[PDB]
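Worksheet: the structure to be examined is printed underneath.
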Number of protein chains: 2
Amino acid sequence: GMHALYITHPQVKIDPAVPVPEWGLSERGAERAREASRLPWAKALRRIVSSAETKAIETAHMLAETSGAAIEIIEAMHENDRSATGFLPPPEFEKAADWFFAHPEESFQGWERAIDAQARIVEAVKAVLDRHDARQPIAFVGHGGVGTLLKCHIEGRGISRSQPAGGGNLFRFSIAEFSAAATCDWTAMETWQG
Amino acid sequence: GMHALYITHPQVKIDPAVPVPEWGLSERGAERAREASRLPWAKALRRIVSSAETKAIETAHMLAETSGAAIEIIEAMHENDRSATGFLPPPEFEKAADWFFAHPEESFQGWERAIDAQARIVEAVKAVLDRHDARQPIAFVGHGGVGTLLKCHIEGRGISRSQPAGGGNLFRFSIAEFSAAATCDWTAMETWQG
C-alpha cells in the first residue's frame with residue numbers, strides 16, 4: 001500500500017425535505033459505487049478515509065461492501081467552502097468556480113480561498129499518510145474541488161480548474177512522492193482496471 | 001401593440017465583492033442586448049416592463065438604447081424564489097429544478113412552489129396588460145424560470161420544464177388571447193427577425 005487513490009462521490013439523491021448536507025447517493029450513484037466495490041483494486045483496500053459529508057460516507061461504505069475496509073472520517077477533507085454565497089444558478093456558478101481557481105489567493109464572495117482549500121486538503125492527506133501503515137492499501141473518498149487542488153499539488157503544477165461529469169472519478173498517486181512533483185488522469189471508478 | 005414579447009436576461013457578470021443580486025450583464029450579455037436594441041422590433045417598443053433585479057433592469061435599459069421606450073419596474077416579476085436552499089452545486093440544482101417543475105403543488109426545500117410562481121407571474125403580466133394602452137408595443141424583461149411558467153399558462157399546457165443556454169431568449173404572445181390557450185419557440189433575441 002504505497003500508492004493511494006483519491007475518489008470523488010458519484011451522483012447525489014436530492015430530497016425536498018431532508019437537509020441538503022445530509023443527502024445520500026442516487027440509485028445510479030449507489031449502483032456505481034457498488035460496481036466499483038467488486039473490482040480487484042477495491043477488494044484490496046484496507047482503509048478508506050472519507051470526508052464527514054453524508055454523500056462521502058455513503059460512497060465509502062458502498063466501496064467497502066466486499067472488502068470490509070476500515071473507514072476513518074476526517075472533517076478536514078470537506079469540499080471547498082462556498083456557503084457564504086447563498087444560492088447561485090449554474091451559469092454564474094461555473095464562472096465563480098473558474099474565478100475560484102483563477103484567483104487562488106483571493107476569496108470569491110467569502111468562499112474559502114483556493115490556496116487555503118489546497119493547503120487544507122494537502123495537510124489533511126499528509127497527516128493521514130504520515131501515520132499510515134504502508135502495508136495497507138488506502139483510498140480517500142471525497143470531493144472534486146479539493147480533489148483537483150490536491151491533484152495540482154501532487155503534480156507540482158499551479159492551481160487550475162478541470163473531474164468528468166457524474167463524479168465517481170479517481171486518480172492514483174505515490175505516497176512516497178507526495179512527501180516533490182509526481183498522477184493518472186481522472187477515470188471512472190467503476191471501470192478502473194488498476 | 002396587441003402582441004407582447006417576453007425576454008430573458010442574457011449572460012451575467014460575476015464579481016467577488018459586489019452583492020450577488022446586484023450583478024449586471026457580462027460584456028457578452030450587454031453586447032447581445034445592444035445588438036437586439038438595434039433591430040426593428042426593438043426600435044418599435046414603447047414600454048418595457050422589467051423585474052426589479054439589476055440584471056433585468058440592465059437588459060431593459062440596453063434594449064431601450066435606440067427606442068427610448070419607457071421602463072416600468074415590477075417587483076412581482078422576480079425569478080422563482082429559491083433562497084431557502086443555500087448553495088447548490090449544478091448537478092443537484094438541475095435535479096432540484098426538474099423536481100420544481102415536476103411537483104408544482106409542492107415546495108422544494110422551502111423554494112417557492114411552481115404553481116405559486118406561475119400564479120404570481122401570470123397575475124403580474126395580467127395586471128400590466130389589463131392597464132395597457134393597446135397602441136404601444138410592449139416587452140417584458142425577466143427570467144427563464146417564471147418565463148417558462150408564463151409560457152405554459154399561455155399555451156394552456158401543464159407546468160413542465162424546458163429556454164436555450166446563455167439567456168437573452170424571447171417568445172411572442174397575443175395580448176388578447178392571454179385574457180384561453182394560444183406562442184413561438186424560445187429564440188435568441190439578437191437574431192429575432194419578428
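In what follows, chains carry the letters A, B, and so on, assigned in the order in which the sequence lines appear, proteins first and then strands, with residues in each chain numbered from 1.
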Smallest heavy-atom separation, A:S37 atom then A:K43 atom, equals O-CG, 3.7 Å

Tell me, yes or no, whether the heavy-atom count around B:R46 atom CZ, taken from other residues, nucleotides or ligands under 6.0 Å, exceeds 12.
-> no

Is B:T191 reaching over with its side chain to a backbone N or O of B:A188, donor-acceptor style, under 3.5 angstrom?
-> yes

To the nearest 0.5 Å, tell me how far B:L45 CG sits from B:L63 CG.
-> 7.5 Å

Kindly indicate, with the supporting measurements, whether the criterion side-chain contact (heavy atoms from CB on, under 4.5 Å) is fulfilled by B:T85 and B:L88.
-> CA-CA 7 Å; B:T85 189; B:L88 286 171; 3.4 Å; yes

Beyond-backbone contact of A:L5 with A:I138, side-chain heavy atoms, under 4.5 angstrom = no

Evaluate side-chain contact (heavy atoms from CB on, under 4.5 Å) for A:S83 paired with A:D81, printing each intermediate quantity in order.
-> CA-CA 6 Å; A:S83 53; A:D81 184 57; 3.4 Å; yes

Would you say the side-chain atoms of B:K95 pair up with the backbone N or O of A:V12, donor to acceptor, closer than 3.5 Å?
-> yes

When rounded to the nearest 0.5 angstrom, what distance separates CD1 in A:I154 from OG in A:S174?
-> 9.0 Å

Linking I/L/V/M/F/W/Y whenever any side-chain heavy atoms sit under 4.5 Å apart, do B:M77 and B:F178 land together?
-> yes

Verdict with reasoning, A:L150 to A:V122, per side-chain contact (heavy atoms from CB on, under 4.5 Å) = CA-CA 6 Å; A:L150 181 65; A:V122 165; 4.2 Å; yes

Using the ring of each side chain (for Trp, its six-membered ring), is B:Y6 parallel, tilted or perpendicular to B:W186, with breaks at 30° and 60°?
-> perpendicular

So A:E112 and A:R120, salt bridge (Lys or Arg N to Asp or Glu O under 4.0 Å) or not? Walk me through it.
-> CA-CA 10 Å; A:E112 190 174 14; A:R120 173 176 58 77; 2.8 Å; yes

Quick one: CD1 on B:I48 to CD1 on B:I7, what's the gap to the nearest 0.5 Å?
-> 7.0 Å

Mind checking whether A:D98 and A:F101 have side chains closer than 4.5 Å, heavy atoms only?
-> no

Donor-acceptor contact present, side-chain A:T183 to main-chain A:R172, <3.5 Å | no

Exam field: side chain A:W192 to backbone A:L170, donor-acceptor pair closer than 3.5 Å = no

Applying the side-chain contact (heavy atoms from CB on, under 4.5 Å) test to A:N80, which of A:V146, A:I121, A:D116 qualifies?
-> A:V146

Let me see the working for B:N169 and B:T187 under side-chain contact (heavy atoms from CB on, under 4.5 Å), right down to the final yes or no.
-> CA-CA 5 Å; B:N169 296 306; B:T187 189; over 6 Å; no

Less than 4.5 Å apart, any side-chain heavy atom of A:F173 and any of A:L129?
-> yes

Taking atom SG of A:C152 and atom CD of A:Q118, what is their separation to the nearest 0.5 Å?
-> 6.5 Å

Identify every side-chain donor-acceptor pair in residues 103-110 of chain A under 3.5 Å, counting partners at least two apart or on other chains, and give the distances.
unit_1: A:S107; atom_1: OG; unit_2: A:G110; atom_2: N; d: 3.2
unit_1: A:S107; atom_1: OG; unit_2: A:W111; atom_2: N; d: 3.3
unit_1: A:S107; atom_1: OG; unit_2: A:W111; atom_2: O; d: 2.7
unit_1: A:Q109; atom_1: NE2; unit_2: B:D15; atom_2: O; d: 2.8
unit_1: A:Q109; atom_1: NE2; unit_2: B:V18; atom_2: O; d: 2.7

For the residue pair A:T59 and A:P10, establish whether any side-chain heavy-atom pair is separated by less than 4.5 Å.
-> yes

Test ring pair (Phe, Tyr, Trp, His ring centres under 6.0 Å) applied to A:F87 - qualifying residues, sequence neighbours left out = B:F93

Can a cation-pi geometry be assigned to A:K151 and A:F171, taking NZ or CZ under 6.0 Å from the six-membered ring centre and within 45° of the ring axis?
-> yes

Nearest 0.5 Å please: distance from the CD1 atom of A:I57 over to the OG1 atom of A:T54.
-> 6.0 Å

Residue pair A:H3 / A:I175, side-chain heavy-atom distance below 4.5 Å | no

Quick one: pull up OG in B:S26 and CD in B:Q11 and give me the separation to the nearest 0.5 Å.
-> 5.0 Å

Where do A:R161 and A:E94 land on the salt bridge (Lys or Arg N to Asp or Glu O under 4.0 Å) test, with the steps shown first?
-> CA-CA 11 Å; A:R161 196 173 187 202; A:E94 296 301 322; 2.8 Å; yes

Indicate, with yes or no, if A:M189 and A:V141 share a hydrophobic cluster defined by side-chain heavy-atom contacts under 4.5 Å among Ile, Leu, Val, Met, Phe, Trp and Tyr.
-> yes

Those residues that, when tested against B:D133, pass side chain to side chain donor-acceptor pair (under 3.5 Å) (two or more places apart) | B:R135, B:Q136

May I have the step-by-step check of side-chain hydrogen bond (donor to acceptor under 3.5 Å, both in side chains) for B:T8 and B:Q163, ending in yes or no?
-> CA-CA 9 Å; B:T8 66; B:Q163 61 159 344; 2.6 Å; yes

Of B:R38, B:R34, B:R32, which is the lone residue that meets side chain to side chain donor-acceptor pair (under 3.5 Å) with B:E190?
-> B:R32

Identify whether B:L39 and B:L25 are in the same connected component of the hydrophobic contact network (ILVMFWY, side-chain heavy atoms under 4.5 Å).
-> no

Does the salt bridge (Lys or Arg N to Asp or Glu O under 4.0 Å) test come out yes or no for A:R28 and A:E31, once each step is laid out?
-> CA-CA 5 Å; A:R28 178 55 184 157; A:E31 162 179 65; 2.7 Å; yes

Among B:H78, B:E79, B:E75, B:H143, the one residue meeting side chain to side chain donor-acceptor pair (under 3.5 Å) with B:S51 | B:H143

Cluster overlap A:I71 with A:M62, hydrophobic side-chain contacts below 4.5 Å | no

Are B:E72 and B:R47 close enough for a salt bridge, meaning some N to O gap below 4.0 Å?
-> yes

